[PDB]
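> Once you've had a glance at the structure underneath, I'll fire off some questions.
Derivation of every value follows stated rules applied to the coordinates shown; laboratory data play no part. All Cβ positions, even for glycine, are placed from backbone atoms using ideal geometry, and neighbour counts span all protein chains on display.
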Amino acid sequence: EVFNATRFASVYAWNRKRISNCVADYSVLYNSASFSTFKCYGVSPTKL
Amino acid sequence: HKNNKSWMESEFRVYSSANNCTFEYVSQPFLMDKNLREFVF
Amino acid sequence: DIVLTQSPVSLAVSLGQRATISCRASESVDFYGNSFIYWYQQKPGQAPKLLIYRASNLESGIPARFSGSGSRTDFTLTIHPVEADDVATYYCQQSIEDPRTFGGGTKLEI
Amino acid sequence: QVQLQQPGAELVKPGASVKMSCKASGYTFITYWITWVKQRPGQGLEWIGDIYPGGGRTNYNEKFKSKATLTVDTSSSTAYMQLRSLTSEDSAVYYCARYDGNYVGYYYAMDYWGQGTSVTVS
Ligand SMILES: *[C@@H]1O[C@H](CO)[C@@H](O)[C@H](O)[C@H]1NC(C)=O
């Protein structure tokens, strides 16, 4: 829902979505190749 | 409302502001339908 | 801690031949089709220079003779042809999980 | 363009502390992580820690967590590494270098390296 939303807000009015009470399948993130920048701070991406 | 001919909730008048929200939950109603309802909190 | 073993410890290869350096991982390195194994060349008295990243991709500026291959817990670095200036120590590094470790190194002799 | 400069050698008495400088130039210093790798003479390479100049976030290896303390100087674009309780086994060559850390890119691929500094503990 967050990644494939058709409309994204502007940077000055950035939209914030809270994600909780769910199981997070990160495999879609690694499988996706459209991503150009993937930097993680304070956590190993393989350890996510 | 005249068209719907029923009561519907206009707005949450309990609170003025909503900041730093943490948790949210949704489930089926259990208050609706000489019957006694008991809840322990 | 993933332990990387490099064989052979010392390799002698003449001009125009093929040199293969194999790095064995004690644990799986592949992660969703990505193998986090890097190859470096460290000339004596100098810092290591990156050659292969992700165990399959050649770094820009490196000659096409250097090539990487392997998957799962076994990876090999292939140099073909081997030139005179290839005398150095080659190290393999893994980055799938912390801490990142380096192999024992393979010394190449002409 | 991109240059990482280190002193040729450093001499420190055993049990003392030594401070290190890794001057960075030719690139945006705060956008690239800096790490230090220990190499004993005649041995392989050993990771010490990872630090991000932007915000000062630090990651330390469990073995070197009490031996090495890492700081940054964004004003001078210089990375600082401090070793305490130095012993004879700490005599090695440490290299400072930068990686872009992009998962769909190089990730922990270490393209460029600093010249390194050798320390004699005696
Ligand atoms: C769109 O959906 C795909 C479905 O796999 C996902 O991989 C991708 O990250 C989503 N977002 C994009 C393409 O921006």
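> Dipole magnitude of the protein assembly as shown about its Cα centre, charges +1 at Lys/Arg Cβ and -1 at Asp/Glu Cβ only, in debye to the nearest 20?
Magnitude of the dipole: close to 680 debye.
> Oh, and also: Which one of C:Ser67, C:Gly33, C:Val13 has its Cα pushed farthest toward the positive end of the charge dipole of the stretch C:4-108, where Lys and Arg give +1 and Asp and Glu give -1 at the Cβ?
The listed residue farthest towards the positive side: C:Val13.
> How much net charge surrounds C:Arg18 when only other residues with a Cβ under 15 Å from its Cβ are counted (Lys, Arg +1; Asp, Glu -1)?
Residues near C:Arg18 contribute -2 overall.
> Averaged over D:94-103, how many beta carbons belonging to a partner chain fall within 10 Å of each residue's beta carbon?
4
> Divide, for chain C, the radius of gyration over alpha carbons by 2.2 N^0.38 Å, where N is the residue count.
Here the Cα radius of gyration is 0.99 times the empirical estimate.
> State to the nearest 20 debye the size of the charge dipole of chain C about its Cα centre, where the only charges are +1 on K and R beta carbons and -1 on D and E beta carbons. Please report the intermediate quantities before stating the final value.
Details: 9 positive and 11 negative charges, 39 e Å.
Dipole magnitude for chain C comes out near 180 debye.
> Taking every Cα atom in the stretch C:57-110, find the radius of gyration and the maximum pairwise distance Dmax, and write them in Å.
12.5, 36
> Specify the inter-centroid distance of the stretch B:8-39 and the stretch D:57-122, based on alpha-carbon positions, in whole Å.
55
> Continuing with the same structure: Looking only at C:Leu77, C:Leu51, C:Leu11, which one moves most when chain C is put into a Gaussian network model with springs between Cα atoms under 10 Å?
Its mean-square fluctuation being the largest, the pick is C:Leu11.
> Based on Cα positions only, what radius of gyration and what Dmax would you give for the protein assembly as shown, in angstroms?
Spelled out, the Cα radius of gyration and Dmax of the protein assembly as shown are 27.0, 99 Å.
> Then there's this: What is the magnitude of the charge dipole of chain D about its Cα centre, with +1 placed on the Cβ of each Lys and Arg, -1 on the Cβ of each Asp and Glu, and no other charges, expressed in debye to the nearest 20?
Here the size comes out at about 280 debye.
> In angstroms, what radius of gyration and Dmax does chain A have, counting Cα atoms only?
My reading of the Cα-based Rg and Dmax gives 12.8, 32 Å.
> Per-residue HN-Hα couplings for the stretch D:37-50, Karplus 6.51 cos²θ - 1.76 cosθ + 1.60 at θ = phi - 60°, whole Hz, x for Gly and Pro?
With coefficients 6.51, -1.76 and 1.60, one gets 10, 8, 10, 5, x, x, 10, x, 9, 9, 7, 10, x, 10 Hz.
> Could you tell me what fraction of 2.2 N^0.38 Å the Cα radius of gyration of the stretch D:3-121 comes to, as a two-decimal ratio?
Working: Rg = 13.7 Å, N = 119, 2.2 N^0.38 = 13.5 Å.
Relative to the rule-of-thumb radius for its length, the stretch D:3-121 sits at 1.02.
> Work out from phi, with θ = phi - 60° and the Karplus expression 6.51 cos²θ - 1.76 cosθ + 1.60, the ³J(HN,Hα) of each residue of the stretch C:54-61, listed in order in whole Hz, and give x for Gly and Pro.
Per residue, the Karplus-derived 3J(HN,Hα) values read 6, 6, 9, 10, 7, 5, 4, x Hz.
> Further question: Once every DSSP H run of n ≥ 4 in the protein assembly as shown is given -39500 (n - 2.57) and the sum is divided by its residues, what mean residue ellipticity at 222 nm do you get, rounded to the nearest 500 deg cm²/dmol?
About -500 deg cm²/dmol.
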